[PDB]
$ cat my_file-v5.csv   # CSV, C-alpha atoms
chain,number,residue,atom,x,y,z
A,2,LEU,CA,27.2,-18.3,180.7
A,3,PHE,CA,27.3,-17.5,177.0
A,4,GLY,CA,30.4,-19.4,175.8
A,5,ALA,CA,32.3,-16.6,174.2
A,6,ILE,CA,35.1,-15.4,176.6
A,7,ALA,CA,36.4,-18.9,177.2
A,8,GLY,CA,34.3,-20.4,174.4
A,9,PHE,CA,34.6,-20.1,170.7
A,10,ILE,CA,37.0,-17.2,171.3
A,11,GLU,CA,39.7,-19.1,173.3
A,12,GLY,CA,41.9,-16.2,174.3
A,13,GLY,CA,42.3,-12.6,175.2
A,14,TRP,CA,44.2,-10.0,173.2
A,15,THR,CA,47.0,-8.1,175.0
A,16,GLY,CA,47.2,-6.2,171.7
A,17,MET,CA,43.7,-4.7,172.4
A,18,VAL,CA,44.5,-1.9,174.8
A,19,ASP,CA,41.9,0.8,173.8
A,20,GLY,CA,38.9,-1.2,175.1
A,21,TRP,CA,37.6,-4.3,176.7
A,22,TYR,CA,35.8,-5.8,173.6
A,23,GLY,CA,37.0,-5.0,170.0
A,24,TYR,CA,38.1,-6.1,166.6
A,25,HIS,CA,41.2,-7.2,164.6
A,26,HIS,CA,41.4,-6.8,160.8
A,27,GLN,CA,43.8,-8.2,158.1
A,28,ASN,CA,43.4,-6.3,154.9
A,29,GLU,CA,45.9,-5.8,152.0
A,30,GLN,CA,46.5,-2.4,153.6
A,31,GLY,CA,47.7,-3.9,156.9
A,32,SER,CA,46.7,-5.4,160.2
A,33,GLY,CA,45.4,-3.8,163.3
A,34,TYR,CA,43.4,-3.8,166.5
A,35,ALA,CA,40.5,-1.5,167.2
A,36,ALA,CA,38.2,-1.5,170.2
A,37,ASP,CA,34.4,-1.1,170.1
A,38,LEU,CA,34.1,2.1,172.1
A,39,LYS,CA,30.3,2.2,172.4
A,40,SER,CA,30.1,-1.2,174.0
A,41,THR,CA,33.1,-0.5,176.3
A,42,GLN,CA,31.7,2.9,177.4
A,43,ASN,CA,28.3,1.4,178.2
A,44,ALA,CA,29.9,-1.5,180.1
A,45,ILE,CA,32.1,0.9,182.1
A,46,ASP,CA,29.1,3.0,183.0
A,47,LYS,CA,27.1,0.0,184.1
A,48,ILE,CA,29.9,-1.5,186.2
A,49,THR,CA,30.6,1.8,187.8
A,50,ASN,CA,27.0,2.0,188.8
A,51,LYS,CA,27.2,-1.6,190.1
A,52,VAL,CA,30.2,-0.7,192.3
A,53,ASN,CA,28.5,2.5,193.5
A,54,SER,CA,25.3,0.5,194.4
A,55,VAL,CA,27.4,-2.0,196.4
A,56,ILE,CA,29.0,0.9,198.3
A,57,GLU,CA,25.8,2.9,198.9
A,58,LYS,CA,24.0,0.0,200.6
A,59,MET,CA,26.4,-0.4,203.5
A,60,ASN,CA,26.1,3.2,204.8
A,65,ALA,CA,30.8,1.9,218.6
A,66,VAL,CA,32.4,1.1,222.0
A,67,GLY,CA,31.9,-1.6,224.6
A,68,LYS,CA,30.0,-1.5,227.9
A,69,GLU,CA,31.2,-2.7,231.3
A,70,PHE,CA,29.3,-4.8,233.7
A,71,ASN,CA,30.1,-6.0,237.2
A,72,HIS,CA,30.2,-9.6,238.4
A,73,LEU,CA,26.4,-9.6,239.2
A,74,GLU,CA,25.4,-8.8,235.6
A,75,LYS,CA,26.7,-11.8,233.8
A,76,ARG,CA,23.3,-12.4,232.1
A,77,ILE,CA,23.2,-8.8,230.6
A,78,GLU,CA,26.9,-9.2,229.5
A,79,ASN,CA,26.0,-12.4,227.8
A,80,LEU,CA,23.1,-10.8,226.1
A,81,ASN,CA,25.3,-7.9,224.9
A,82,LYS,CA,27.9,-10.4,223.6
A,83,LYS,CA,25.2,-12.4,221.8
A,84,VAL,CA,23.9,-9.3,220.1
A,85,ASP,CA,27.4,-8.2,219.0
A,86,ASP,CA,28.3,-11.7,217.6
A,87,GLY,CA,25.0,-12.2,215.9
A,88,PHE,CA,25.2,-8.8,214.1
A,89,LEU,CA,28.9,-9.6,213.2
A,90,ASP,CA,28.0,-12.9,211.7
A,91,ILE,CA,25.1,-11.5,209.7
A,92,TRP,CA,27.1,-8.7,208.2
A,93,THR,CA,30.1,-11.0,207.4
A,94,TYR,CA,27.7,-13.4,205.6
A,95,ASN,CA,26.0,-10.5,203.7
A,96,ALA,CA,29.4,-9.1,202.5
A,97,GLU,CA,30.7,-12.5,201.3
A,98,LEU,CA,27.5,-13.4,199.6
A,99,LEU,CA,27.1,-10.0,197.8
A,100,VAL,CA,30.7,-10.2,196.5
A,101,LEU,CA,30.4,-13.8,195.3
A,102,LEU,CA,27.1,-13.2,193.4
A,103,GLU,CA,28.2,-9.9,192.0
A,104,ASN,CA,31.4,-11.4,190.6
A,105,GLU,CA,29.5,-14.0,188.6
A,106,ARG,CA,27.0,-11.4,187.4
A,107,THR,CA,29.9,-9.2,186.1
A,108,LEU,CA,31.7,-12.1,184.3
A,109,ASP,CA,28.4,-13.1,182.6
A,110,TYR,CA,27.8,-9.5,181.6
A,111,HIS,CA,31.2,-9.4,179.9
A,112,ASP,CA,30.5,-12.7,178.2
A,113,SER,CA,27.1,-11.5,176.9
A,114,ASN,CA,28.8,-8.3,175.5
A,115,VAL,CA,31.3,-10.3,173.6
A,116,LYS,CA,28.7,-12.7,172.2
A,117,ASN,CA,26.4,-9.9,171.2
A,118,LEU,CA,29.3,-8.2,169.3
A,119,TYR,CA,29.9,-11.5,167.5
A,120,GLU,CA,26.1,-11.8,166.7
A,121,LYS,CA,25.9,-8.2,165.4
A,122,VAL,CA,28.9,-8.7,163.1
A,123,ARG,CA,27.5,-12.0,161.8
A,124,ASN,CA,24.0,-10.7,161.1
A,125,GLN,CA,25.6,-8.0,159.1
A,126,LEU,CA,28.1,-10.0,157.0
A,127,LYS,CA,25.7,-12.9,156.3
A,128,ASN,CA,26.9,-15.1,153.4
A,129,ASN,CA,29.5,-12.6,152.1
A,130,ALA,CA,31.9,-14.0,154.7
A,131,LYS,CA,32.8,-17.4,156.2
A,132,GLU,CA,32.9,-18.3,159.9
A,133,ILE,CA,36.3,-19.8,160.5
A,134,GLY,CA,35.0,-20.7,164.0
A,135,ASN,CA,37.7,-19.2,166.2
A,136,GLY,CA,36.0,-15.9,166.2
A,137,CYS,CA,36.8,-14.5,162.7
A,138,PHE,CA,35.2,-14.3,159.2
A,139,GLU,CA,37.1,-14.7,155.9
A,140,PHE,CA,35.5,-12.2,153.4
A,141,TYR,CA,34.7,-13.6,150.0
A,142,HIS,CA,35.4,-10.1,148.6
A,143,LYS,CA,38.4,-7.9,148.6
A,144,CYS,CA,37.2,-4.8,150.5
A,145,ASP,CA,39.5,-2.2,152.1
A,146,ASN,CA,39.7,-0.2,155.3
A,147,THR,CA,36.4,1.6,154.4
A,148,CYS,CA,34.8,-1.9,154.5
A,149,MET,CA,35.9,-2.6,158.1
A,150,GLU,CA,35.1,0.9,159.2
A,151,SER,CA,31.5,0.2,157.9
A,152,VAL,CA,31.3,-3.1,159.6
A,153,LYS,CA,32.5,-1.6,162.9
A,154,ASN,CA,30.0,1.3,162.6
A,155,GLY,CA,27.2,-1.0,161.6
A,156,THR,CA,26.6,0.5,158.2
A,157,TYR,CA,27.7,-2.5,156.0
A,158,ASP,CA,26.4,-2.6,152.5
A,159,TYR,CA,25.5,-6.2,151.7
A,160,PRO,CA,24.1,-5.5,148.2
A,161,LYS,CA,27.3,-3.6,147.2
A,162,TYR,CA,29.4,-6.8,147.5
A,163,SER,CA,26.7,-9.4,147.1
A,164,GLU,CA,27.6,-10.1,143.4
A,165,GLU,CA,31.3,-9.9,143.9
A,166,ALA,CA,31.3,-12.3,146.8
A,167,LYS,CA,29.2,-14.8,144.9
A,168,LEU,CA,31.8,-15.8,142.3
A,169,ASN,CA,34.4,-16.5,145.0
A,170,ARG,CA,32.0,-18.5,147.1
B,219,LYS,CA,42.5,-6.2,255.4
B,220,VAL,CA,42.9,-4.9,251.9
B,221,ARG,CA,45.4,-2.0,251.5
B,222,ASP,CA,46.0,-2.4,255.3
B,223,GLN,CA,42.5,-1.2,256.1
B,224,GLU,CA,39.7,-2.9,258.0
B,225,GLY,CA,37.0,-0.3,257.5
B,226,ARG,CA,35.4,0.6,254.2
B,227,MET,CA,34.5,3.7,252.1
B,228,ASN,CA,31.4,3.5,249.8
B,229,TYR,CA,31.4,6.1,247.0
B,230,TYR,CA,28.2,7.6,245.7
B,231,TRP,CA,27.4,10.0,242.8
B,232,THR,CA,24.5,12.0,241.6
B,233,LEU,CA,23.5,14.4,238.8
B,234,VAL,CA,21.9,17.7,239.8
B,235,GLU,CA,19.8,19.4,237.0
B,236,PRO,CA,19.8,23.1,236.4
B,237,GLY,CA,17.8,25.0,239.0
B,238,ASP,CA,17.8,22.0,241.4
B,239,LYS,CA,19.5,21.8,244.8
B,240,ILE,CA,21.4,19.1,246.7
B,241,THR,CA,21.4,18.9,250.5
B,242,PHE,CA,23.9,17.1,252.8
B,243,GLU,CA,23.0,16.4,256.4
B,244,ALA,CA,25.1,14.4,258.8
B,245,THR,CA,26.1,13.5,262.3
B,246,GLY,CA,29.2,11.6,261.2
B,247,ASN,CA,30.7,9.3,258.5
B,248,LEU,CA,30.4,11.7,255.6
B,249,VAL,CA,33.2,12.3,253.1
B,250,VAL,CA,32.0,15.6,251.7
B,251,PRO,CA,32.5,16.9,248.1
B,252,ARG,CA,35.1,19.5,247.4
B,253,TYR,CA,35.1,19.6,243.6
B,254,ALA,CA,32.0,19.0,241.4
B,255,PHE,CA,31.9,18.6,237.6
B,256,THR,CA,29.8,20.7,235.3
B,257,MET,CA,29.3,18.5,232.3
B,258,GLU,CA,28.3,19.0,228.7
B,259,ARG,CA,26.9,16.2,226.5
B,260,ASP,CA,27.6,15.5,222.8
B,261,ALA,CA,27.5,12.1,221.1
B,262,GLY,CA,30.5,10.6,219.3
B,263,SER,CA,32.8,9.9,222.3
B,264,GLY,CA,33.6,6.8,224.3
B,265,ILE,CA,36.0,4.9,226.4
B,266,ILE,CA,38.5,2.4,224.9
B,267,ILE,CA,41.1,0.2,226.6
B,268,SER,CA,44.3,0.4,224.6
B,269,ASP,CA,48.0,0.0,225.2
B,270,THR,CA,48.7,1.9,221.9
B,271,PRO,CA,50.9,5.0,222.2
B,272,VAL,CA,49.4,8.4,221.6
B,273,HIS,CA,50.9,10.6,218.8
$ encode --input "my_file-v5.csv" --output "structure tokens"
Amino acid sequence: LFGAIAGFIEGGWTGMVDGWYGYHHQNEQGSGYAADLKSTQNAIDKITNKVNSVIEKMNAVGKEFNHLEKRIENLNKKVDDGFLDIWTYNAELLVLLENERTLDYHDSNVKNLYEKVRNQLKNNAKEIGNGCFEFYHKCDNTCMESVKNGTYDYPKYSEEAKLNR
Amino acid sequence: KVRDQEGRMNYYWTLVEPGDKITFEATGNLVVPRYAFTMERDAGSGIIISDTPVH
């Protein structure tokens, strides 16, 4: 557990519809939602592989006995019930563990996205605490495109952000 | 008496391989074959007990 999905980000965005994890900006040019497509694509590939691996791992009639073969009939019944119990247990356990692993995977993705944006903005922005940063400089759509790509220019706004800080 | 009969009939079967012969000798009490079944084997069949209709 990484404390992001139900942690410092306390709610999901129905507005976000282009991806699983993403970003919301509020410039002077307008508001918007925009998903992180690289993270979403990687997550989709990994989870598809997970489902396929669960599927690929899994892949009769009865016998009749007369009244003088009760021992062999009981042996057959024991074999059938034992295998049934083992396979039921395996299926339940696999689903239960895989679900937690998936949820933790999503939590890790969200937290890593937050970490990546933070290590890029540094002191030019302020952590509000709910999941967002308030920039100390007035930078436009090109700014948030750069932040999303990962090509933010800290020296470019370092001086401008210092007076407002 | 079951089915209004006091005597009995025991039923026997055998499998004769290709090139092999079967021989019946008697002085009484034999219910002889009339029809025999040439049989071919392939896996994937079975016997199920069901009251479900066939469509």
$ interface_residues --input "my_file-v5.csv" --of "chain B" --to "chain A" --cutoff "8 Å" --atoms "all atoms listed in the file" --output "VMD selection string"
chain B and resid 264 to 266
$ residues_around --input "my_file-v5.csv" --residues "residue 43 in chain A" --least-positions-apart "5" --cutoff "12 Å" --atoms "all atoms listed in the file" --output "ChimeraX atom specification"
/A:20-22,37-38,48-50,110-111,114
$ residues_around --input "my_file-v5.csv" --residues "range 150-161 of chain A" --least-positions-apart "2" --cutoff "10 Å" --atoms "only C-alpha atoms" --output "list in words"
residues 23, 24, 35, 36, 37, 39, 118, 121, 122, 123, 125, 126, 127, 128, 129, 145, 146, 147, 148, 163, 164, 165 and 166 of chain A
$ atom_distance --input "my_file-v5.csv" --atom1 "CA of residue 234 in chain B" --atom2 "CA of residue 262 in chain B"
23.3 Å
$ residues_near_point --input "my_file-v5.csv" --point "(28.3, -21.0, 177.7)" --cutoff "12 Å" --atoms "all atoms listed in the file" --output "short mmCIF file (atom, residue, chain, number, x, y, z; two decimals) with C-alpha atoms, keeping the file's coordinate frame"
data_model
loop_
_atom_site.label_atom_id
_atom_site.label_comp_id
_atom_site.auth_asym_id
_atom_site.auth_seq_id
_atom_site.Cartn_x
_atom_site.Cartn_y
_atom_site.Cartn_z
CA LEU A 2 27.20 -18.30 180.70
CA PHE A 3 27.30 -17.50 177.00
CA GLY A 4 30.40 -19.40 175.80
CA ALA A 5 32.30 -16.60 174.20
CA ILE A 6 35.10 -15.40 176.60
CA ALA A 7 36.40 -18.90 177.20
CA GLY A 8 34.30 -20.40 174.40
CA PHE A 9 34.60 -20.10 170.70
CA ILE A 10 37.00 -17.20 171.30
CA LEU A 108 31.70 -12.10 184.30
CA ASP A 109 28.40 -13.10 182.60
CA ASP A 112 30.50 -12.70 178.20
CA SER A 113 27.10 -11.50 176.90
CA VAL A 115 31.30 -10.30 173.60
CA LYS A 116 28.70 -12.70 172.20
#
$ atom_distance --input "my_file-v5.csv" --atom1 "CA of residue 91 in chain A" --atom2 "CA of residue 56 in chain A"
17.3 Å
$ atom_distance --input "my_file-v5.csv" --atom1 "CA of residue 86 in chain A" --atom2 "CA of residue 55 in chain A"
23.3 Å
$ residues_around --input "my_file-v5.csv" --residues "residue 231 in chain B" --least-positions-apart "4" --cutoff "12 Å" --atoms "all atoms listed in the file" --output "MDAnalysis selection string"
chainID B and resid 240 250:251 254:255
$ closest_residue --input "my_file-v5.csv" --among "B:247, B:252, B:257, B:272" --to "residue 233 in chain B" --atoms "only C-alpha atoms"
B:257
$ build_atoms --input "my_file-v5.csv" --residues "range 259-270 of chain B" --atoms "N, CA, C and O atoms" --output "PDB file, in the frame of the given file"
ATOM      1  N   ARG B 259      27.150  17.490 227.162  1.00  0.00           N
ATOM      2  CA  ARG B 259      26.900  16.200 226.500  1.00  0.00           C
ATOM      3  C   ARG B 259      26.984  16.450 224.946  1.00  0.00           C
ATOM      4  O   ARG B 259      26.360  17.382 224.430  1.00  0.00           O
ATOM      5  N   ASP B 260      27.713  15.581 224.246  1.00  0.00           N
ATOM      6  CA  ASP B 260      27.600  15.500 222.800  1.00  0.00           C
ATOM      7  C   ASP B 260      28.002  14.060 222.384  1.00  0.00           C
ATOM      8  O   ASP B 260      28.976  13.525 222.919  1.00  0.00           O
ATOM      9  N   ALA B 261      27.245  13.453 221.476  1.00  0.00           N
ATOM     10  CA  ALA B 261      27.500  12.100 221.100  1.00  0.00           C
ATOM     11  C   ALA B 261      28.756  12.026 220.183  1.00  0.00           C
ATOM     12  O   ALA B 261      29.214  13.028 219.628  1.00  0.00           O
ATOM     13  N   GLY B 262      29.305  10.827 220.066  1.00  0.00           N
ATOM     14  CA  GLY B 262      30.500  10.600 219.300  1.00  0.00           C
ATOM     15  C   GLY B 262      31.767  10.347 220.137  1.00  0.00           C
ATOM     16  O   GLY B 262      32.854  10.263 219.554  1.00  0.00           O
ATOM     17  N   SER B 263      31.653  10.227 221.455  1.00  0.00           N
ATOM     18  CA  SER B 263      32.800   9.900 222.300  1.00  0.00           C
ATOM     19  C   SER B 263      32.655   8.498 222.832  1.00  0.00           C
ATOM     20  O   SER B 263      31.737   7.763 222.467  1.00  0.00           O
ATOM     21  N   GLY B 264      33.595   8.102 223.680  1.00  0.00           N
ATOM     22  CA  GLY B 264      33.600   6.800 224.300  1.00  0.00           C
ATOM     23  C   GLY B 264      34.798   6.514 225.079  1.00  0.00           C
ATOM     24  O   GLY B 264      35.673   7.370 225.209  1.00  0.00           O
ATOM     25  N   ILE B 265      34.849   5.310 225.635  1.00  0.00           N
ATOM     26  CA  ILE B 265      36.000   4.900 226.400  1.00  0.00           C
ATOM     27  C   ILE B 265      36.514   3.603 225.784  1.00  0.00           C
ATOM     28  O   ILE B 265      35.771   2.638 225.567  1.00  0.00           O
ATOM     29  N   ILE B 266      37.799   3.609 225.457  1.00  0.00           N
ATOM     30  CA  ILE B 266      38.500   2.400 224.900  1.00  0.00           C
ATOM     31  C   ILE B 266      39.646   2.058 225.743  1.00  0.00           C
ATOM     32  O   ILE B 266      40.290   2.919 226.356  1.00  0.00           O
ATOM     33  N   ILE B 267      39.932   0.763 225.799  1.00  0.00           N
ATOM     34  CA  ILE B 267      41.100   0.200 226.600  1.00  0.00           C
ATOM     35  C   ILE B 267      42.131  -0.158 225.562  1.00  0.00           C
ATOM     36  O   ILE B 267      41.962  -1.093 224.773  1.00  0.00           O
ATOM     37  N   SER B 268      43.249   0.561 225.600  1.00  0.00           N
ATOM     38  CA  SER B 268      44.300   0.400 224.600  1.00  0.00           C
ATOM     39  C   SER B 268      45.656   0.610 225.273  1.00  0.00           C
ATOM     40  O   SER B 268      45.807   1.509 226.103  1.00  0.00           O
ATOM     41  N   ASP B 269      46.635  -0.198 224.881  1.00  0.00           N
ATOM     42  CA  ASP B 269      48.000   0.000 225.200  1.00  0.00           C
ATOM     43  C   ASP B 269      48.772   0.762 224.107  1.00  0.00           C
ATOM     44  O   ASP B 269      49.993   0.919 224.192  1.00  0.00           O
ATOM     45  N   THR B 270      48.068   1.199 223.072  1.00  0.00           N
ATOM     46  CA  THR B 270      48.700   1.900 221.900  1.00  0.00           C
ATOM     47  C   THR B 270      49.201   3.238 222.348  1.00  0.00           C
ATOM     48  O   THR B 270      48.509   3.956 223.079  1.00  0.00           O
TER      49      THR B 270
END
